[PDB]
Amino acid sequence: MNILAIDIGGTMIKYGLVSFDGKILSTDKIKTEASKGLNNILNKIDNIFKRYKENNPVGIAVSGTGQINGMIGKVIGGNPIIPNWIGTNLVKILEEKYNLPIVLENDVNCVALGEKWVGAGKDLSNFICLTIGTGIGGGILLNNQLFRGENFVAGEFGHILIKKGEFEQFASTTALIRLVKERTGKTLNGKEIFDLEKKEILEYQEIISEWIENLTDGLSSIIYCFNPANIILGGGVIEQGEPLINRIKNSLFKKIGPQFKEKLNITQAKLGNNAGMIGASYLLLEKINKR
């Protein structure tokens, strides 16, 4: 007894089976080919279903890209990276085709729910969980429930303002890569950039330190709004910490007042790139039972 989980990212689709206890049982990967459009993605989903059809999945749980109404499983907006993706009720399409319960939820909410279930939030009822990849987004857990916003787009932290501009444009991993490119002429990986800092090359120390300041600028605005006790950081370059987590703490605590930091902890996501599949599966199980 397992769940067929599908994590549709802008570049990769990761899929496999998740147990009723939130354990990854198997995983695979396939290129999204986002520019080929919705019917491309539905074809890939169909091949995923045949590959697992005889595992008798109780349903299909999908983590998607873009702005999504997760109550009904509809893409309502976001960046137009996949033609005809926006507007799609994937719960509609897949429930009719495969005659199984479906959920569709946006990317960072699934990660947050994954960490809530079996990850860095498993002992928490409240936290803010941010992923730092190509952009910055957040999933908000308040009194044990995901907080989606009145129009399902709460937690789009990447668009808040910091001193330099949009949060995302200066504190995502993409922004870090861009800062290195602007100053050194080199187009590097997040790992490659931090390896160079590990060799104490001054140029990369100054850029990463500047990027950390951009990052804790935006975090402090979030903390003044929410006064959380727990922030969970994930994605990409968070692969780096605990040493990264500590620098982020030190930088942040200089920018927020005593009542905002005295009970505040910042910790690393535990589930890595599986959080999305796990969180989507958590949502599917809520939908199936109770009720």
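Residue indices: 1-based, along the sequence shown.
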Comparing mean C-alpha B factor in the record for 188-196 and 209-217, the higher one is 188-196
The stretch carrying the higher mean Cα B factor in the deposited entry, 81-89 or 174-182, is 81-89
The residue of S35, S63, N250, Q259 with the maximal C-alpha B-factor according to the PDB record is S35
From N55, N246, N265, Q67, the top C-alpha temperature factor is at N55
The third of the chain into which the C-alpha temperature factor of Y98 falls is the highest
Split the chain's modelled residues into thirds by Cα B-factor; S125 lands in the highest
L271: CA temperature factor from the record, placed by chain third, in the lowest
Here the Cα B-factor of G241, set against its chain, lands in the third termed highest
Assert third(CA B-factor, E150) within chain per record equals lowest
